[PDB]
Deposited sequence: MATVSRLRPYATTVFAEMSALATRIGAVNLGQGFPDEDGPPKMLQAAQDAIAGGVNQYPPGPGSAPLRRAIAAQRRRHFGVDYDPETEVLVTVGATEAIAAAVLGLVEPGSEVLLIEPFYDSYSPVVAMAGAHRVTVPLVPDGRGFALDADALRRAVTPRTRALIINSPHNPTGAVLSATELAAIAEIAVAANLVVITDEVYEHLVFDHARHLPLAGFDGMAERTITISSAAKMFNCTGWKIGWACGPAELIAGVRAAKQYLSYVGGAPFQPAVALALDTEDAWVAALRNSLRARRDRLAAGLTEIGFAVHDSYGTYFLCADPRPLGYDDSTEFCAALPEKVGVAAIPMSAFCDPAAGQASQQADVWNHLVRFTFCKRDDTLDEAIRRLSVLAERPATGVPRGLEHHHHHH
């Protein structure tokens, strides 16, 4: 039983799916997390931190070293230069930075624009704030997807306070082009919006796609809360070391909510993640490479089975269409999948506003070991 505005979101298919798969013994290609660990020296650092007494509340905004390391990484990678003392806030994952940014910054009654299909937490967070979700779908292009900038512009109203942008994009694996980003900036500037970007896949762009933080576009620095995380970057989704970066005033509204949601967390992980950020670029590049190969590996397998596979330019997900196999209901496809076939995936319906080809798509995860991907493919092959 839950408050009225959270009722639509009281359960997710994500948990019903991972629990089902877990003791069907179904290969889980629905999971939002990796099989493999982060950098060995990062794991060791976290172990040494516990052993060395780093087990109490860290400073409210995050340890100084971790805040410096985040600013140093954003500067190193992208040339955006944040002040670690006032413009960087460590959070309990990107998940908390998202929740706190909306609760801290968006007044009840305001509209928040979402790009559809959207990550699972955006709508309920907007609803928790008492704000109104307005969704603008991506459009196919032809094997991938693209922003429809005119559609986004039309969606803005005087009630729009904020826009949440997620690139590289979960679930489609789209990577917003500079042109798309420039169009988003023009709109955000013209309407005087706050923009919250969700960049947790910043390290995962494939095939000459390039991650270009929106905060770097004209007019954007002063109005963007940029969110990312160690979760996927360093394969430590269970550590929940994320961060929001932006203008001190906006970071203060984020901190204003955040400090009462968790206060702080992840004490021994903060020095370990700071170390990873400072030192593990080469490991991250090898991760990205390993995932590009696994993407190709899964795509090739789905394709040989007879799925119509869409391009993925980043993240560790790709979307595929089972219509060529004879499966026209993808929510029912995925529902039946573990018991019929012994694989789990997520239907695209999970990421879409309840009232285009979207309803047919399935999201598959490829951050699994080689062998597991292969086994998934073998199991799925019975559909042919």
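When the deposited sequence is numbered from 1, the segments without any C-alpha atom are 1, 357-364, 394-411.
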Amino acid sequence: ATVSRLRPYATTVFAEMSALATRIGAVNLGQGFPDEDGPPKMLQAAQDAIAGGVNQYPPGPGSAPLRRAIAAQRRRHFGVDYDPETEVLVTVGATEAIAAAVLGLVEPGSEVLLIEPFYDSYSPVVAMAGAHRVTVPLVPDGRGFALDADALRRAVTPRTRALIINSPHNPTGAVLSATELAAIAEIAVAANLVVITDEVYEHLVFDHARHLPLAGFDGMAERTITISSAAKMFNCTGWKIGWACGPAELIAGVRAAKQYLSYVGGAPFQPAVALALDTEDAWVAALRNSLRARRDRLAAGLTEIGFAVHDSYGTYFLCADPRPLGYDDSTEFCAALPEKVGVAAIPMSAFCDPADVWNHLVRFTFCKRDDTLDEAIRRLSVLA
From here on, numbers count along this sequence of modelled residues.
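Per the PDB record, of the two stretches 83-91 and 303-311, 83-91 carries the greater mean B-factor over its C-alpha atoms. Here the stretch with the larger average CA B-factor, out of 175-183 and 201-209, is 201-209. For the set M42, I50, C319, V341, the PDB entry puts the maximum C-alpha B factor at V341. Sort the chain's modelled residues by C-alpha temperature factor and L20 lands in the highest third, per the entry. In the deposited entry, the Cα temperature factor of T12 places it in the highest third of its chain's modelled residues. Residue-level temperature factors show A46 in the lowest third of its chain, judged at the C-alpha atom. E222 sits in the middle third of its chain by CA B factor, as recorded in the PDB entry. When the CA B factors of the chain's modelled residues are split into thirds, the value for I346 lands in the middle one.
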